[PDB]
>>> print(open('coords10.pdb').read())   # PDB, C-alpha atoms and all ligand atoms
ATOM      1  CA  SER A  57     239.596-231.036 -89.621
ATOM      2  CA  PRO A  58     236.992-232.572 -87.301
ATOM      3  CA  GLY A  59     237.916-230.662 -84.126
ATOM      4  CA  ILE A  60     238.081-227.056 -85.441
ATOM      5  CA  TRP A  61     235.407-224.613 -84.315
ATOM      6  CA  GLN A  62     234.931-220.918 -84.935
ATOM      7  CA  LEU A  63     233.527-218.675 -82.266
ATOM      8  CA  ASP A  64     232.233-215.103 -82.484
ATOM      9  CA  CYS A  65     229.661-212.772 -80.945
ATOM     10  CA  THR A  66     226.977-210.859 -82.830
ATOM     11  CA  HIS A  67     224.626-208.145 -81.603
ATOM     12  CA  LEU A  68     220.875-207.961 -82.088
ATOM     13  CA  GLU A  69     218.283-205.894 -80.227
ATOM     14  CA  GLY A  70     220.805-204.665 -77.608
ATOM     15  CA  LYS A  71     221.714-208.280 -76.860
ATOM     16  CA  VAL A  72     224.711-210.493 -77.406
ATOM     17  CA  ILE A  73     224.621-213.800 -79.189
ATOM     18  CA  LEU A  74     227.567-216.164 -79.023
ATOM     19  CA  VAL A  75     227.798-218.295 -82.133
ATOM     20  CA  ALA A  76     230.031-221.318 -82.551
ATOM     21  CA  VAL A  77     230.366-222.967 -85.972
ATOM     22  CA  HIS A  78     231.858-226.428 -86.525
ATOM     23  CA  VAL A  79     233.958-225.524 -89.598
ATOM     24  CA  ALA A  80     234.005-228.867 -91.494
ATOM     25  CA  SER A  81     230.183-229.219 -91.385
ATOM     26  CA  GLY A  82     228.553-225.787 -90.913
ATOM     27  CA  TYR A  83     226.826-227.020 -87.699
ATOM     28  CA  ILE A  84     226.128-224.303 -85.164
ATOM     29  CA  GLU A  85     225.601-223.863 -81.465
ATOM     30  CA  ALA A  86     224.513-220.424 -80.161
ATOM     31  CA  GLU A  87     223.472-218.831 -76.877
ATOM     32  CA  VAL A  88     222.223-215.394 -75.896
ATOM     33  CA  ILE A  89     224.532-214.143 -73.158
ATOM     34  CA  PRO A  90     223.941-211.427 -70.580
ATOM     35  CA  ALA A  91     227.194-209.655 -71.391
ATOM     36  CA  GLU A  92     230.229-210.189 -73.643
ATOM     37  CA  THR A  93     232.552-211.181 -70.757
ATOM     38  CA  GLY A  94     235.495-213.545 -70.353
ATOM     39  CA  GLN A  95     233.419-215.650 -67.892
ATOM     40  CA  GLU A  96     230.621-216.137 -70.420
ATOM     41  CA  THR A  97     233.008-217.150 -73.168
ATOM     42  CA  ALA A  98     234.938-219.537 -70.891
ATOM     43  CA  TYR A  99     231.678-221.099 -69.705
ATOM     44  CA  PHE A 100     230.373-221.512 -73.254
ATOM     45  CA  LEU A 101     233.665-223.126 -74.270
ATOM     46  CA  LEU A 102     233.646-225.600 -71.348
ATOM     47  CA  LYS A 103     230.077-226.564 -72.278
ATOM     48  CA  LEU A 104     230.902-226.958 -75.978
ATOM     49  CA  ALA A 105     233.989-229.070 -75.229
ATOM     50  CA  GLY A 106     231.992-231.585 -73.043
ATOM     51  CA  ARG A 107     229.606-232.065 -75.918
ATOM     52  CA  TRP A 108     231.820-232.211 -79.024
ATOM     53  CA  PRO A 109     235.490-233.033 -79.466
ATOM     54  CA  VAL A 110     236.882-229.475 -79.428
ATOM     55  CA  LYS A 111     240.546-229.312 -80.460
ATOM     56  CA  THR A 112     241.040-225.788 -81.784
ATOM     57  CA  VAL A 113     238.923-222.657 -81.666
ATOM     58  CA  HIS A 114     239.226-219.902 -84.258
ATOM     59  CA  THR A 115     237.695-216.440 -83.757
ATOM     60  CA  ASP A 116     237.485-213.122 -85.669
ATOM     61  CA  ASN A 117     238.197-211.161 -82.456
ATOM     62  CA  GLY A 118     241.461-212.438 -81.010
ATOM     63  CA  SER A 119     241.243-210.224 -77.940
ATOM     64  CA  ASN A 120     238.123-212.132 -76.782
ATOM     65  CA  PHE A 121     240.478-215.017 -75.814
ATOM     66  CA  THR A 122     242.958-213.121 -73.655
ATOM     67  CA  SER A 123     241.182-213.191 -70.310
ATOM     68  CA  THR A 124     242.506-215.387 -67.521
ATOM     69  CA  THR A 125     239.080-216.970 -67.315
ATOM     70  CA  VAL A 126     239.140-218.009 -71.030
ATOM     71  CA  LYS A 127     242.695-219.400 -70.972
ATOM     72  CA  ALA A 128     241.852-221.375 -67.793
ATOM     73  CA  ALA A 129     238.841-222.963 -69.501
ATOM     74  CA  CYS A 130     240.929-223.780 -72.591
ATOM     75  CA  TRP A 131     243.787-225.097 -70.427
ATOM     76  CA  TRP A 132     241.392-227.384 -68.487
ATOM     77  CA  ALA A 133     239.488-228.590 -71.518
ATOM     78  CA  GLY A 134     242.623-229.196 -73.603
ATOM     79  CA  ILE A 135     241.697-226.586 -76.259
ATOM     80  CA  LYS A 136     244.216-224.610 -78.389
ATOM     81  CA  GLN A 137     243.719-221.408 -80.377
ATOM     82  CA  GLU A 138     243.491-222.201 -84.100
ATOM     83  CA  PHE A 139     246.212-220.441 -86.084
ATOM     84  CA  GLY A 140     245.099-221.497 -89.574
ATOM     85  CA  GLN A 148     236.696-218.453 -94.162
ATOM     86  CA  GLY A 149     233.806-218.720 -96.611
ATOM     87  CA  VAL A 150     231.716-221.201 -94.594
ATOM     88  CA  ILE A 151     231.636-219.126 -91.392
ATOM     89  CA  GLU A 152     230.708-215.878 -93.151
ATOM     90  CA  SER A 153     227.806-217.718 -94.804
ATOM     91  CA  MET A 154     226.712-219.406 -91.553
ATOM     92  CA  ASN A 155     226.593-216.209 -89.463
ATOM     93  CA  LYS A 156     224.629-214.035 -91.939
ATOM     94  CA  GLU A 157     222.365-217.018 -92.552
ATOM     95  CA  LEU A 158     221.748-217.209 -88.793
ATOM     96  CA  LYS A 159     220.557-213.620 -88.651
ATOM     97  CA  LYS A 160     218.402-214.303 -91.711
ATOM     98  CA  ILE A 161     216.623-217.228 -90.005
ATOM     99  CA  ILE A 162     216.555-215.232 -86.787
ATOM    100  CA  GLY A 163     214.755-212.511 -88.789
ATOM    101  CA  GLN A 164     212.338-215.029 -90.265
ATOM    102  CA  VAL A 165     211.330-216.786 -86.993
ATOM    103  CA  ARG A 166     211.448-213.669 -84.767
ATOM    104  CA  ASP A 167     207.633-213.460 -84.481
ATOM    105  CA  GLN A 168     207.330-217.128 -83.469
ATOM    106  CA  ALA A 169     208.497-216.172 -79.956
ATOM    107  CA  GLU A 170     208.436-213.383 -77.406
ATOM    108  CA  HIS A 171     212.129-213.279 -76.469
ATOM    109  CA  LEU A 172     215.156-213.131 -78.692
ATOM    110  CA  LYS A 173     216.740-216.071 -76.823
ATOM    111  CA  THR A 174     213.936-218.471 -77.937
ATOM    112  CA  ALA A 175     214.128-217.105 -81.491
ATOM    113  CA  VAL A 176     217.881-217.816 -81.618
ATOM    114  CA  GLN A 177     217.323-221.410 -80.535
ATOM    115  CA  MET A 178     214.527-221.805 -83.100
ATOM    116  CA  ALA A 179     217.003-220.572 -85.758
ATOM    117  CA  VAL A 180     219.734-222.825 -84.506
ATOM    118  CA  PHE A 181     217.314-225.737 -84.881
ATOM    119  CA  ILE A 182     216.155-224.655 -88.343
ATOM    120  CA  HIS A 183     219.725-224.216 -89.469
ATOM    121  CA  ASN A 184     221.118-227.555 -88.241
ATOM    122  CA  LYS A 185     218.286-229.623 -89.762
ATOM    123  CA  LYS A 186     217.906-228.004 -93.247
ATOM    124  CA  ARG A 187     219.254-230.437 -95.836
ATOM    125  CA  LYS A 188     221.570-228.728 -98.338
ATOM    126  CA  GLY A 189     221.766-230.574-101.671
ATOM    127  CA  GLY A 193     222.311-233.275 -99.679
ATOM    128  CA  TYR A 194     222.632-233.752 -95.918
ATOM    129  CA  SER A 195     222.058-231.277 -93.112
ATOM    130  CA  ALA A 196     224.847-229.741 -91.030
ATOM    131  CA  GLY A 197     223.699-231.869 -88.078
ATOM    132  CA  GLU A 198     223.972-235.025 -90.208
ATOM    133  CA  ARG A 199     227.390-233.933 -91.537
ATOM    134  CA  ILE A 200     228.785-233.214 -88.067
ATOM    135  CA  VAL A 201     227.882-236.694 -86.726
ATOM    136  CA  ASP A 202     229.051-238.324 -90.000
ATOM    137  CA  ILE A 203     232.401-236.484 -89.808
ATOM    138  CA  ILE A 204     232.784-237.342 -86.087
ATOM    139  CA  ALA A 205     231.656-240.988 -86.453
ATOM    140  CA  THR A 206     234.082-241.690 -89.312
ATOM    141  CA  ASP A 207     236.940-239.994 -87.453
ATOM    142  CA  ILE A 208     236.413-242.087 -84.289
ATOM    143  CA  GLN A 209     236.879-245.273 -86.280
ATOM    144  CA  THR A 210     240.451-244.547 -87.368
TER     145      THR A 210
ATOM    146  CA  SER B  57     215.848-245.993 -79.710
ATOM    147  CA  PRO B  58     218.082-243.190 -81.004
ATOM    148  CA  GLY B  59     215.747-240.262 -80.260
ATOM    149  CA  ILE B  60     214.746-241.005 -76.626
ATOM    150  CA  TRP B  61     216.034-238.697 -73.905
ATOM    151  CA  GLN B  62     215.394-238.566 -70.185
ATOM    152  CA  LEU B  63     215.185-235.279 -68.375
ATOM    153  CA  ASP B  64     215.214-234.517 -64.647
ATOM    154  CA  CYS B  65     216.335-231.876 -62.159
ATOM    155  CA  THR B  66     218.627-232.446 -59.187
ATOM    156  CA  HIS B  67     219.506-230.113 -56.326
ATOM    157  CA  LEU B  68     222.960-229.280 -55.017
ATOM    158  CA  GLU B  69     224.101-226.373 -52.849
ATOM    159  CA  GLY B  70     220.702-224.598 -53.035
ATOM    160  CA  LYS B  71     220.891-224.745 -56.830
ATOM    161  CA  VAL B  72     219.077-226.586 -59.568
ATOM    162  CA  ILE B  73     220.750-228.706 -62.181
ATOM    163  CA  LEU B  74     218.839-229.891 -65.221
ATOM    164  CA  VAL B  75     220.190-233.179 -66.499
ATOM    165  CA  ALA B  76     219.301-234.765 -69.815
ATOM    166  CA  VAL B  77     220.481-238.305 -70.597
ATOM    167  CA  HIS B  78     220.445-239.834 -74.085
ATOM    168  CA  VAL B  79     219.081-243.262 -73.058
ATOM    169  CA  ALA B  80     220.673-245.539 -75.713
ATOM    170  CA  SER B  81     224.210-244.209 -75.030
ATOM    171  CA  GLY B  82     224.402-242.714 -71.510
ATOM    172  CA  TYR B  83     225.501-239.328 -72.981
ATOM    173  CA  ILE B  84     224.533-236.332 -70.889
ATOM    174  CA  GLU B  85     223.856-232.648 -71.248
ATOM    175  CA  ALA B  86     223.331-230.559 -68.075
ATOM    176  CA  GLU B  87     222.845-226.918 -67.119
ATOM    177  CA  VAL B  88     222.553-225.076 -63.825
ATOM    178  CA  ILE B  89     219.308-223.117 -63.962
ATOM    179  CA  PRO B  90     218.231-220.116 -61.910
ATOM    180  CA  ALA B  91     214.923-221.698 -60.944
ATOM    181  CA  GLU B  92     212.975-224.889 -61.711
ATOM    182  CA  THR B  93     210.428-223.131 -63.975
ATOM    183  CA  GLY B  94     208.456-224.092 -67.073
ATOM    184  CA  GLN B  95     210.366-221.420 -69.074
ATOM    185  CA  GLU B  96     213.740-222.907 -68.145
ATOM    186  CA  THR B  97     212.672-226.414 -69.057
ATOM    187  CA  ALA B  98     211.113-225.297 -72.364
ATOM    188  CA  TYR B  99     214.255-223.333 -73.225
ATOM    189  CA  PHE B 100     216.535-226.259 -72.380
ATOM    190  CA  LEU B 101     214.381-228.547 -74.524
ATOM    191  CA  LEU B 102     214.434-226.190 -77.541
ATOM    192  CA  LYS B 103     218.230-226.003 -77.240
ATOM    193  CA  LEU B 104     218.621-229.781 -76.919
ATOM    194  CA  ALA B 105     216.341-230.432 -79.906
ATOM    195  CA  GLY B 106     218.392-228.103 -82.243
ATOM    196  CA  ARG B 107     221.486-230.049 -81.333
ATOM    197  CA  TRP B 108     220.381-233.703 -81.304
ATOM    198  CA  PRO B 109     217.465-235.466 -82.956
ATOM    199  CA  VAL B 110     215.006-235.368 -80.033
ATOM    200  CA  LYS B 111     211.926-237.532 -80.622
ATOM    201  CA  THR B 112     210.660-238.406 -77.151
ATOM    202  CA  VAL B 113     211.487-237.121 -73.692
ATOM    203  CA  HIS B 114     210.994-239.225 -70.573
ATOM    204  CA  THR B 115     211.080-237.730 -67.060
ATOM    205  CA  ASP B 116     210.676-238.946 -63.445
ATOM    206  CA  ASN B 117     208.505-235.904 -62.606
ATOM    207  CA  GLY B 118     205.595-235.842 -65.036
ATOM    208  CA  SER B 119     204.216-232.583 -63.674
ATOM    209  CA  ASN B 120     207.356-230.744 -64.887
ATOM    210  CA  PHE B 121     205.935-231.062 -68.449
ATOM    211  CA  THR B 122     202.477-229.602 -67.890
ATOM    212  CA  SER B 123     203.195-225.906 -68.298
ATOM    213  CA  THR B 124     201.979-224.081 -71.387
ATOM    214  CA  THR B 125     205.544-222.977 -71.981
ATOM    215  CA  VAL B 126     206.847-226.608 -72.049
ATOM    216  CA  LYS B 127     204.090-227.951 -74.322
ATOM    217  CA  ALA B 128     204.650-225.005 -76.715
ATOM    218  CA  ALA B 129     208.362-225.822 -76.953
ATOM    219  CA  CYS B 130     207.591-229.517 -77.518
ATOM    220  CA  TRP B 131     204.866-228.658 -80.053
ATOM    221  CA  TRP B 132     207.267-226.389 -82.009
ATOM    222  CA  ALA B 133     210.212-228.751 -81.867
ATOM    223  CA  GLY B 134     208.153-231.831 -82.768
ATOM    224  CA  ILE B 135     208.834-233.605 -79.433
ATOM    225  CA  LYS B 136     206.477-236.136 -77.754
ATOM    226  CA  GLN B 137     206.393-237.343 -74.151
ATOM    227  CA  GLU B 138     207.874-240.849 -73.908
ATOM    228  CA  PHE B 139     205.368-243.345 -72.521
ATOM    229  CA  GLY B 140     207.673-246.375 -72.341
ATOM    230  CA  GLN B 148     215.480-247.375 -66.096
ATOM    231  CA  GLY B 149     218.841-248.724 -64.957
ATOM    232  CA  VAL B 150     221.012-246.517 -67.195
ATOM    233  CA  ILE B 151     219.519-243.202 -66.033
ATOM    234  CA  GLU B 152     219.745-244.045 -62.325
ATOM    235  CA  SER B 153     223.429-244.884 -62.842
ATOM    236  CA  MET B 154     224.099-241.744 -64.916
ATOM    237  CA  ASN B 155     222.567-239.284 -62.425
ATOM    238  CA  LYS B 156     224.282-240.606 -59.259
ATOM    239  CA  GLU B 157     227.491-240.861 -61.269
ATOM    240  CA  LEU B 158     227.092-237.185 -62.205
ATOM    241  CA  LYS B 159     226.924-236.121 -58.578
ATOM    242  CA  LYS B 160     229.929-238.346 -57.874
ATOM    243  CA  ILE B 161     232.051-236.598 -60.533
ATOM    244  CA  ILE B 162     230.570-233.284 -59.450
ATOM    245  CA  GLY B 163     231.825-234.140 -55.937
ATOM    246  CA  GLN B 164     235.251-235.077 -57.260
ATOM    247  CA  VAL B 165     235.860-231.957 -59.428
ATOM    248  CA  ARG B 166     234.105-229.461 -57.108
ATOM    249  CA  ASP B 167     237.399-227.886 -55.949
ATOM    250  CA  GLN B 168     238.627-227.389 -59.528
ATOM    251  CA  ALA B 169     236.300-224.368 -59.821
ATOM    252  CA  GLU B 170     234.728-221.562 -57.839
ATOM    253  CA  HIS B 171     231.107-221.912 -58.975
ATOM    254  CA  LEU B 172     228.930-224.973 -59.111
ATOM    255  CA  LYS B 173     227.979-224.201 -62.737
ATOM    256  CA  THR B 174     231.616-224.655 -63.935
ATOM    257  CA  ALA B 175     231.950-227.822 -61.840
ATOM    258  CA  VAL B 176     228.836-229.304 -63.489
ATOM    259  CA  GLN B 177     230.250-228.644 -66.948
ATOM    260  CA  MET B 178     233.602-230.152 -65.924
ATOM    261  CA  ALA B 179     231.676-233.272 -64.794
ATOM    262  CA  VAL B 180     229.627-233.357 -67.940
ATOM    263  CA  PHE B 181     232.888-233.328 -69.900
ATOM    264  CA  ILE B 182     234.511-235.999 -67.726
ATOM    265  CA  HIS B 183     231.448-238.178 -68.008
ATOM    266  CA  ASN B 184     230.977-237.998 -71.796
ATOM    267  CA  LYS B 185     234.638-238.773 -72.576
ATOM    268  CA  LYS B 186     235.384-241.646 -70.108
ATOM    269  CA  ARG B 187     235.687-244.869 -72.099
ATOM    270  CA  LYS B 188     233.704-247.719 -70.521
ATOM    271  CA  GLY B 189     235.051-251.159 -71.470
ATOM    272  CA  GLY B 193     234.923-249.891 -74.622
ATOM    273  CA  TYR B 194     233.773-246.570 -76.080
ATOM    274  CA  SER B 195     232.699-243.399 -74.313
ATOM    275  CA  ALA B 196     229.103-242.169 -74.154
ATOM    276  CA  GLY B 197     230.050-239.353 -76.550
ATOM    277  CA  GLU B 198     231.440-241.895 -79.036
ATOM    278  CA  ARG B 199     228.351-244.116 -78.619
ATOM    279  CA  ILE B 200     225.910-241.247 -79.185
ATOM    280  CA  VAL B 201     227.526-240.214 -82.507
ATOM    281  CA  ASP B 202     227.907-243.894 -83.534
ATOM    282  CA  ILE B 203     224.216-244.565 -82.779
ATOM    283  CA  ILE B 204     223.148-241.360 -84.599
ATOM    284  CA  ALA B 205     225.487-241.864 -87.594
ATOM    285  CA  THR B 206     224.309-245.442 -88.202
ATOM    286  CA  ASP B 207     220.658-244.417 -87.858
ATOM    287  CA  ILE B 208     220.976-241.609 -90.441
ATOM    288  CA  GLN B 209     222.164-244.090 -93.042
ATOM    289  CA  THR B 210     218.994-246.192 -93.067
TER     290      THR B 210
HETATM  291 CL    CL C   1     209.048-217.024 -75.585
HETATM  292 CL    CL C   2     234.902-220.613 -61.841
END
>>> encode(input="coords10.pdb", output="structure tokens", more="lines below")
Ligand SMILES: [Cl-]
Ligand SMILES: [Cl-]
Amino acid sequence: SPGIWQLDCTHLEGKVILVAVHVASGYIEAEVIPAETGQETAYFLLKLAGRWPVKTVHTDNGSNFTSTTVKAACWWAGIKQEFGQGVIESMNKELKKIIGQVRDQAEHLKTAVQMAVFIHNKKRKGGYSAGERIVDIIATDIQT
Amino acid sequence: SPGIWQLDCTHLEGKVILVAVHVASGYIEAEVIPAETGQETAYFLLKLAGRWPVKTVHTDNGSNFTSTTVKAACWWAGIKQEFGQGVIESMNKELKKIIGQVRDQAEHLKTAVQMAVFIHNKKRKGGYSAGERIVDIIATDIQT
């Protein structure tokens, strides 16, 4: 399903990383956030939904989506909580792997995360990349 | 050309907004940044390039791209400075228009910007939306 995303946080070096995975393609978007708050998650969601067609968001920590600030962002953006796992487990551990491998290519973690996001979305797997699959899946879906 | 982006900053309420426009489609990505520094622009660029195929970046303030931190991000990500304007002028003023119209739908400017980014990328113009045009242009280009 073209509009389903998975969202979780992961910790590294005393910092929080928010990771969103487009489930049908394995494409990721991540950000280093100051703290694991409702505000940060709501904000991230509103950004994601202006960039990709976000219909439903799945998470492995259900309580992350209970703040007033997260429901308000999902209400405004039209998002529902997905109620329907191999790809996501692979994508997150893979992310930390690439983070580990590019960590010395940058001073701060936040740069290293974006370098790993880039590496991950471009790597062909076969065999297209996740970034090629997500636009392929979205382009086909637009046209009926 | 599918990989050309335009980047500028704009000021509103004492704050800086970074606005990137995919030139062939009119699709936008924006962020409210703390300050107009080289670090912030480099970071934004590295994020953009892990999300969309960024080949060349055009700007209306050439000196924005002279810091060591911006050239390092463009060097790493493979980006060059575009050396080759109606769409972008329309897209930026339009952004402030929509920012003006949704400003009371949120407490902070940064939420309002993302609500305007969303509104802008989804609005059909005809007649597809910018978000539909950018994946159409990228999907076609992938396949030869
Ligand atoms: Cl750095
Ligand atoms: Cl707000």
>>> closest_residue(input="coords10.pdb", among="B:184, B:174, B:62, B:97", to="residue 137 in chain B", atoms="only C-alpha atoms")
B:62
>>> closest_atom_pairs(input="coords10.pdb", of="chain B", to="chain A", cutoff="6 Å", atoms="all atoms listed in the file", output="JSON lines")
{"residue": "B:103", "atom": "CA", "partner": "A:177", "partner_atom": "CA", "distance": 5.7}
{"residue": "B:106", "atom": "CA", "partner": "A:181", "partner_atom": "CA", "distance": 3.7}
{"residue": "B:177", "atom": "CA", "partner": "A:103", "partner_atom": "CA", "distance": 5.7}
{"residue": "B:180", "atom": "CA", "partner": "A:106", "partner_atom": "CA", "distance": 5.9}
{"residue": "B:181", "atom": "CA", "partner": "A:106", "partner_atom": "CA", "distance": 3.7}
{"residue": "B:201", "atom": "CA", "partner": "A:201", "partner_atom": "CA", "distance": 5.5}
{"residue": "B:202", "atom": "CA", "partner": "A:205", "partner_atom": "CA", "distance": 5.6}
{"residue": "B:205", "atom": "CA", "partner": "A:202", "partner_atom": "CA", "distance": 5.6}
>>> residues_near_ligand(input="coords10.pdb", ligand="ligand CL 1 (chain C)", cutoff="6 Å", atoms="only C-alpha atoms and all ligand atoms", output="PyMOL selection string")
chain A and resi 169-171+174
>>> resolve_selection(input="coords10.pdb", expression="the PyMOL selection byres (((chain A and resi 160) around 12) and not hetatm)", output="mmCIF file with C-alpha atoms, in the frame of the given file")
data_model
loop_
_atom_site.group_PDB
_atom_site.id
_atom_site.type_symbol
_atom_site.label_atom_id
_atom_site.label_comp_id
_atom_site.auth_asym_id
_atom_site.auth_seq_id
_atom_site.Cartn_x
_atom_site.Cartn_y
_atom_site.Cartn_z
ATOM 1 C CA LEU A 68 220.875 -207.961 -82.088
ATOM 2 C CA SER A 153 227.806 -217.718 -94.804
ATOM 3 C CA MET A 154 226.712 -219.406 -91.553
ATOM 4 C CA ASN A 155 226.593 -216.209 -89.463
ATOM 5 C CA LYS A 156 224.629 -214.035 -91.939
ATOM 6 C CA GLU A 157 222.365 -217.018 -92.552
ATOM 7 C CA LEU A 158 221.748 -217.209 -88.793
ATOM 8 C CA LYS A 159 220.557 -213.620 -88.651
ATOM 9 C CA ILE A 161 216.623 -217.228 -90.005
ATOM 10 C CA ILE A 162 216.555 -215.232 -86.787
ATOM 11 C CA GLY A 163 214.755 -212.511 -88.789
ATOM 12 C CA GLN A 164 212.338 -215.029 -90.265
ATOM 13 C CA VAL A 165 211.330 -216.786 -86.993
ATOM 14 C CA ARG A 166 211.448 -213.669 -84.767
ATOM 15 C CA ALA A 175 214.128 -217.105 -81.491
ATOM 16 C CA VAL A 176 217.881 -217.816 -81.618
ATOM 17 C CA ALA A 179 217.003 -220.572 -85.758
ATOM 18 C CA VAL A 180 219.734 -222.825 -84.506
ATOM 19 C CA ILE A 182 216.155 -224.655 -88.343
ATOM 20 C CA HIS A 183 219.725 -224.216 -89.469
#
>>> atom_distance(input="coords10.pdb", atom1="CA of residue 61 in chain A", atom2="CA of residue 187 in chain B")
23.7 Å
>>> atom_distance(input="coords10.pdb", atom1="CA of residue 90 in chain B", atom2="CA of residue 73 in chain B")
9.0 Å
>>> atom_distance(input="coords10.pdb", atom1="CA of residue 128 in chain A", atom2="CA of residue 74 in chain A")
18.9 Å
>>> closest_residue(input="coords10.pdb", among="A:207, A:152, A:96, A:167", to="ligand CL 2 (chain C)", atoms="all atoms listed in the file")
A:96
>>> closest_residue(input="coords10.pdb", among="B:196, B:63, B:172, B:89", to="residue 114 in chain B", atoms="only C-alpha atoms")
B:63
>>> residues_around(input="coords10.pdb", residues="range 119-123 of chain A", least_positions_apart="3", cutoff="7 Å", atoms="all atoms listed in the file", output="list in words")
residues 94, 126 and 127 of chain A
>>> closest_residue(input="coords10.pdb", among="A:124, A:189, A:92, A:78", to="ligand CL 2 (chain C)", atoms="all atoms listed in the file")
A:124
>>> resolve_selection(input="coords10.pdb", expression="the PyMOL selection byres (((chain A and resi 135) around 8) and not hetatm)", output="list in words")
residues 110, 111, 112, 113, 130, 131, 132, 133, 134, 136 and 137 of chain A
>>> closest_residue(input="coords10.pdb", among="B:58, B:93, B:65, B:148", to="residue 81 in chain B", atoms="only C-alpha atoms")
B:58
>>> decode(input="coords10.pdb", residues="range 153-167 of chain B", atoms="N, CA, C and O atoms", output="PDB file, in the first residue's frame")
ATOM      1  N   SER B 153       7.173  32.974  -8.779  1.00  0.00           N
ATOM      2  CA  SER B 153       5.790  32.627  -8.496  1.00  0.00           C
ATOM      3  C   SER B 153       5.661  31.738  -7.260  1.00  0.00           C
ATOM      4  O   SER B 153       4.893  32.052  -6.351  1.00  0.00           O
ATOM      5  N   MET B 154       6.445  30.666  -7.185  1.00  0.00           N
ATOM      6  CA  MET B 154       6.477  29.777  -6.044  1.00  0.00           C
ATOM      7  C   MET B 154       6.836  30.415  -4.704  1.00  0.00           C
ATOM      8  O   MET B 154       6.249  29.978  -3.702  1.00  0.00           O
ATOM      9  N   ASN B 155       7.774  31.355  -4.649  1.00  0.00           N
ATOM     10  CA  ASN B 155       8.111  31.947  -3.356  1.00  0.00           C
ATOM     11  C   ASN B 155       7.022  32.878  -2.863  1.00  0.00           C
ATOM     12  O   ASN B 155       6.544  32.634  -1.760  1.00  0.00           O
ATOM     13  N   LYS B 156       6.537  33.818  -3.669  1.00  0.00           N
ATOM     14  CA  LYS B 156       5.488  34.744  -3.272  1.00  0.00           C
ATOM     15  C   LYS B 156       4.202  34.003  -2.943  1.00  0.00           C
ATOM     16  O   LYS B 156       3.513  34.351  -1.991  1.00  0.00           O
ATOM     17  N   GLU B 157       3.931  32.937  -3.671  1.00  0.00           N
ATOM     18  CA  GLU B 157       2.814  32.054  -3.400  1.00  0.00           C
ATOM     19  C   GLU B 157       2.920  31.407  -2.018  1.00  0.00           C
ATOM     20  O   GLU B 157       1.945  31.236  -1.287  1.00  0.00           O
ATOM     21  N   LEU B 158       4.146  31.046  -1.623  1.00  0.00           N
ATOM     22  CA  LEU B 158       4.426  30.432  -0.347  1.00  0.00           C
ATOM     23  C   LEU B 158       4.066  31.357   0.797  1.00  0.00           C
ATOM     24  O   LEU B 158       3.372  30.956   1.741  1.00  0.00           O
ATOM     25  N   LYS B 159       4.507  32.609   0.667  1.00  0.00           N
ATOM     26  CA  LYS B 159       4.155  33.616   1.679  1.00  0.00           C
ATOM     27  C   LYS B 159       2.653  33.899   1.706  1.00  0.00           C
ATOM     28  O   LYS B 159       2.067  34.109   2.771  1.00  0.00           O
ATOM     29  N   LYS B 160       1.994  33.781   0.562  1.00  0.00           N
ATOM     30  CA  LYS B 160       0.562  33.974   0.477  1.00  0.00           C
ATOM     31  C   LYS B 160      -0.102  32.899   1.329  1.00  0.00           C
ATOM     32  O   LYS B 160      -0.602  33.241   2.413  1.00  0.00           O
ATOM     33  N   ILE B 161       0.103  31.631   0.975  1.00  0.00           N
ATOM     34  CA  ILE B 161      -0.390  30.507   1.781  1.00  0.00           C
ATOM     35  C   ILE B 161       0.105  30.589   3.214  1.00  0.00           C
ATOM     36  O   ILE B 161      -0.688  30.443   4.186  1.00  0.00           O
ATOM     37  N   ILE B 162       1.377  31.008   3.428  1.00  0.00           N
ATOM     38  CA  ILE B 162       1.724  31.149   4.857  1.00  0.00           C
ATOM     39  C   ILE B 162       0.745  32.135   5.478  1.00  0.00           C
ATOM     40  O   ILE B 162       0.149  31.800   6.509  1.00  0.00           O
ATOM     41  N   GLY B 163       0.525  33.308   4.832  1.00  0.00           N
ATOM     42  CA  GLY B 163      -0.405  34.287   5.377  1.00  0.00           C
ATOM     43  C   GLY B 163      -1.781  33.698   5.615  1.00  0.00           C
ATOM     44  O   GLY B 163      -2.346  33.881   6.690  1.00  0.00           O
ATOM     45  N   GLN B 164      -2.314  32.956   4.658  1.00  0.00           N
ATOM     46  CA  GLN B 164      -3.615  32.338   4.865  1.00  0.00           C
ATOM     47  C   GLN B 164      -3.720  31.225   5.897  1.00  0.00           C
ATOM     48  O   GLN B 164      -4.843  31.048   6.396  1.00  0.00           O
ATOM     49  N   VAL B 165      -2.658  30.464   6.245  1.00  0.00           N
ATOM     50  CA  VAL B 165      -2.858  29.421   7.259  1.00  0.00           C
ATOM     51  C   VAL B 165      -2.267  29.860   8.584  1.00  0.00           C
ATOM     52  O   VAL B 165      -2.332  29.111   9.557  1.00  0.00           O
ATOM     53  N   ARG B 166      -1.710  31.065   8.693  1.00  0.00           N
ATOM     54  CA  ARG B 166      -0.970  31.483   9.880  1.00  0.00           C
ATOM     55  C   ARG B 166      -1.701  31.313  11.197  1.00  0.00           C
ATOM     56  O   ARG B 166      -1.046  31.025  12.212  1.00  0.00           O
ATOM     57  N   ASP B 167      -3.019  31.433  11.223  1.00  0.00           N
ATOM     58  CA  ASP B 167      -3.841  31.302  12.411  1.00  0.00           C
ATOM     59  C   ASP B 167      -4.305  29.874  12.663  1.00  0.00           C
ATOM     60  O   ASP B 167      -5.138  29.613  13.538  1.00  0.00           O
TER      61      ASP B 167
END
